[PDB]
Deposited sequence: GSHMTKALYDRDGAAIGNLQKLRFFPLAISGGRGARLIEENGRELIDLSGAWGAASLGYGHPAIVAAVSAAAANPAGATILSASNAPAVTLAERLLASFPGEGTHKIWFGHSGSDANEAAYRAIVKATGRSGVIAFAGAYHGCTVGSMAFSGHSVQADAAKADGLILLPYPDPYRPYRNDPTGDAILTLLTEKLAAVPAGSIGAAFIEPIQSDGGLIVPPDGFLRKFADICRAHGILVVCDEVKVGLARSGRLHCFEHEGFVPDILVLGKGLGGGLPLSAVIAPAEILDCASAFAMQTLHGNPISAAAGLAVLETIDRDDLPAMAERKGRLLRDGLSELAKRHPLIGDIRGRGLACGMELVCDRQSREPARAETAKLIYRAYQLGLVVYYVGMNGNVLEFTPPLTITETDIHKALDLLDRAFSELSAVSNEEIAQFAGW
């Protein structure tokens, strides 16, 4: 009878990543509306896909006009204007050069896979560098180089809070890279996949200067540098593109989630020679469909119009300030990290040992949900709170979210172990 019960009866568990019985019938701004009418503040923004929140007027206007008069439904066998305009608008925002083209998909998973397959096709080099704990997607293609393909080389992420080999600079990781590359035929690696802030590892910001150095090693060895900005892309970091923080330009940019503002949309920006090496090669019927592209353009127009990178920079300091405020009261909070409105809070059993507090995290978000706050956890040990709110979240929503979070830290023990065992999580 209840919506959550009906979901359990109609929808298989295969795609479920449930942390609590959240059941939604509506949405407005940064709020989700449960079946009964209860309002929750969404600090997850659907893992960041709701870039502009819910029922944003520019999304509404864009998608309504597109549905009323659609330019076909595909970029495959026809050129359509909404997609072409979005392609140029994405091209404009990327420097360079260039000589770059767009490939459109439904998701970050299909875009990382396309990027890979295009590289191997265009160059003949099938080897891949990727980072341990990396999330590039859940398709057979994009999982092949995600964390636990032949010629896959996995490197530790440059994690300040847990430095590889206890070297805080990351120099040991670059040294490992170097040892790994010479154990493998010269010119055999075609690509290096990089998250500028590692999402699934625990929203990890790498040590300053590391990515630039890593890219320089890559460029010196013929290896194309692919920046997977699905989670942290498009203004979320407080800059239009997250690599703008790291003093390097990737050869390839992968975009997703927040790009569609609520509709399935991803994109690969890659040199023309990579995307033109084949035709009818990586394709799905509704790729570059006009309704998705219209929303995508409404996201970009709104980013520019509202200076959303500047907003995300502002609202992110406000959010991190408040979280530090909570650390001063709650010993579980070991680490606050992030850029713009991509923030991570690591919870630990002891601030010195930095041992992961998995059970408390699960109880925390469950309680948070009961209090009216939607936040999920992420990370290797399930101990990292992830904050990726709508970019249009108001300061008033953030203060309210902080008060509810404070309350959830204090009221955590209320959550029974059997309540938590109802929900498999990751």
Quiz item: Could you give the ranges of the deposited sequence that carry no C-alpha coordinates?
Solution: 1 to 5, 154 to 161
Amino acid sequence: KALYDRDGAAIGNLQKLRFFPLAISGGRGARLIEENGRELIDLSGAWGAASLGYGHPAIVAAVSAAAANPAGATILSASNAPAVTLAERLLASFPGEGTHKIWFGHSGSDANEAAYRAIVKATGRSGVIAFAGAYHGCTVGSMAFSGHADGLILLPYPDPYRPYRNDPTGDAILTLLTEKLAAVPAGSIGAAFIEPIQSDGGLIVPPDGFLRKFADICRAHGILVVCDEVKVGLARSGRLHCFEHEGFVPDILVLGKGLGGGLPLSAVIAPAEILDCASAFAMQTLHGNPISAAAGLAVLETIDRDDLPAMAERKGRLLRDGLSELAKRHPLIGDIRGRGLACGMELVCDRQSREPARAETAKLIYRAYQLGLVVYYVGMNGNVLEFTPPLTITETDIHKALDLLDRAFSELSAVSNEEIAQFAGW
From here on, numbers count along this sequence of modelled residues.
Practice problem: Between 283 to 291 and 89 to 97, name whichever shows the higher mean Cα B factor according to the PDB entry. | Solution: 89 to 97
Quiz item: Looking at the deposited entry, does 353 to 361 or 372 to 380 carry the larger mean Cα B-factor?
Solution: 353 to 361
Quiz item: Of the options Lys257, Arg117, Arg329, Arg339, which has the highest CA B factor as deposited?
Solution: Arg329
Practice problem: Compare the CA B factors listed in the entry for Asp228, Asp171, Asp251, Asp110 and report the winner. | Solution: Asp171
Quiz prompt | B-factor third for the C-alpha atom of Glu419 within its chain | solution = highest
Exercise. Using the B-factor values recorded in the entry, state whether the Cα atom of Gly45 falls in the lowest, middle or highest third among the modelled residues of its chain.
Key: middle
Self-check item: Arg317 by Cα B-factor - lowest, middle or highest third of the modelled chain
Solution: middle
Quiz item: Mind checking which third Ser79 falls in for C-alpha B-factor across the chain?
Solution: middle
Quiz item: Where does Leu412 sit by CA temperature factor within its chain: lowest, middle or highest third?
Solution: highest
